[PDB]
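Undergrad: In order, the protein sequences belong to chains A and A'. A prime marks a further copy of an entry chain.
Under the deposited numbering, the first sequence has 16 at position 16, and the numbering climbs by one with no breaks.
Under the deposited numbering, the second sequence has 71 at position 71, and the numbering climbs by one with no breaks.
Don't be surprised by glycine CBs; every beta carbon is placed ideally from N, CA and C.
Take this structure first; my questions come after.
There are 2 protein chains.
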Amino acid sequence: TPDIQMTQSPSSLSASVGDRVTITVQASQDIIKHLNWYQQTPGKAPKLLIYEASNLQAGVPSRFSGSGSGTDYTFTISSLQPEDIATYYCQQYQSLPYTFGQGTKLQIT
Amino acid sequence: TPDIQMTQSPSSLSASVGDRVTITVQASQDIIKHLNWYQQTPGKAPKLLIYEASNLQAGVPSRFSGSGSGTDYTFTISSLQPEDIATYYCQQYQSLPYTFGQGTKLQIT
Numbered sequence: 001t002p003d004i005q006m007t008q009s010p011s012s013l014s015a016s017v018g019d020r021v022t023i024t025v026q027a028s029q030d031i032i033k034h035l036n037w038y039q040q041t042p043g044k045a046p047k048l049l050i051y052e053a054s055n056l057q058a059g060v061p062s063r064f065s066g067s068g069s070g071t072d073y074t075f076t077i078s079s080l081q082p083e084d085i086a087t088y089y090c091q092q093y094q095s096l097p098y099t100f101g102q103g104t105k106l107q108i109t
Numbered sequence: 001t002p003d004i005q006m007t008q009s010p011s012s013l014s015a016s017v018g019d020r021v022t023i024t025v026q027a028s029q030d031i032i033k034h035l036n037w038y039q040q041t042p043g044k045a046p047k048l049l050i051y052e053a054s055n056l057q058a059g060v061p062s063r064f065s066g067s068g069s070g071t072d073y074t075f076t077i078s079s080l081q082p083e084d085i086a087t088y089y090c091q092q093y094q095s096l097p098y099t100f101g102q103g104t105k106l107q108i109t
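As structure tokens, this is what we get:
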């Protein structure tokens, strides 16, 4: 009944080029693999990188990767390119309404 | 097979407080009522206003409203509050991967 609440962390980070970035999310319930991870550059519609918790979209570099099960899932950027600076989102599609995470915003030092 | 492409218009508009705003989207296929309209204020995770093409989320003022069928759908803001200044998105959930529209960005004169 209540919308599956989605807990994303961190709310924001800073790393350096070549750094290993990992972003995690906890789900209020077992949303099974129904999780879309999106990327969103400033002033651009969101860009789906991963769906079904682990499959890459099309075009999407190997850098990015997603794992996890049930309630807890992880999004990992292997190396981090300067292009990679963005805000990263997640969304459950396990049950209407499909809910979004608060979002993690990548940042460089 | 190919991701349902989603055609949203306009890509950007300007109106005044009290103005009647309507935003339309064409779908590459009959995505049936599987359309989430989202709102997204600057620097904030997207905010779902409507799902199933026409049902309001929770909290969401009556101002907003959504209709349409098959491929063509319309999102309408009855009056337009200054709070309403944002970028508006849409997404099909009729078939994986759930695709986003280019997005309409509201704007005031």
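1) Quick one: Cα of A'/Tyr89 to Cα of A'/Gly18, how far?
2) Quick one: what does DSSP say A'/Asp19 is sitting in, helix, strand or coil?
3) Which same chain residues, not among the five before or five after A'/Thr74, have their C-beta less than 8 Å away from its C-beta?
4) For A/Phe64 and A/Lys47, I'd like the C-alpha separation in whole angstroms.
5) For A'/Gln102, would you say it is in contact with chain A, using Cβ-to-Cβ distances shorter than 8 Å as the test?
6) Taking just the CA atoms, how far does A'/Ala27 sit from A'/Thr7?
7) Answer yes or no: does any C-beta atom of chain A' fall closer than 8 Å to that of A/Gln29?
8) Going by beta-carbon coordinates alone, are A/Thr87 and A/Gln40 separated by less than 8 Å?
9) Which word fits A'/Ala58, buried or exposed, when buried means at least 16 other C-beta atoms lie within 10 angstroms of its C-beta?
10) With distance defined between alpha-carbon atoms, name the residue in A'/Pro97, A'/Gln92 and A'/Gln102 nearest to A'/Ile32.
11) To the nearest angstrom, how far is it from the Cα of A/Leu56 to the Cα of A'/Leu49?
12) Quick one: grab the DSSP three-state call for A'/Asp84.
13) So if I threshold CB-CB distances at 9 Å, which residues from the stretch 79-92 of chain A' count as touching chain A?
14) According to the neighbour-count rule (16 or more other Cβ atoms, all chains shown, within 10 Å of its Cβ), is A/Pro97 buried or exposed?
TA: In short, the structure shows the following:
1) 21 Å
2) coil
3) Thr22, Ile23, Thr24, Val25, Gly66, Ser67 and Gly68
4) 13 Å
5) yes
6) 6 Å
7) no
8) yes
9) exposed
10) A'/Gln92
11) 28 Å
12) helix
13) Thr87, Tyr89 and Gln91
14) buried
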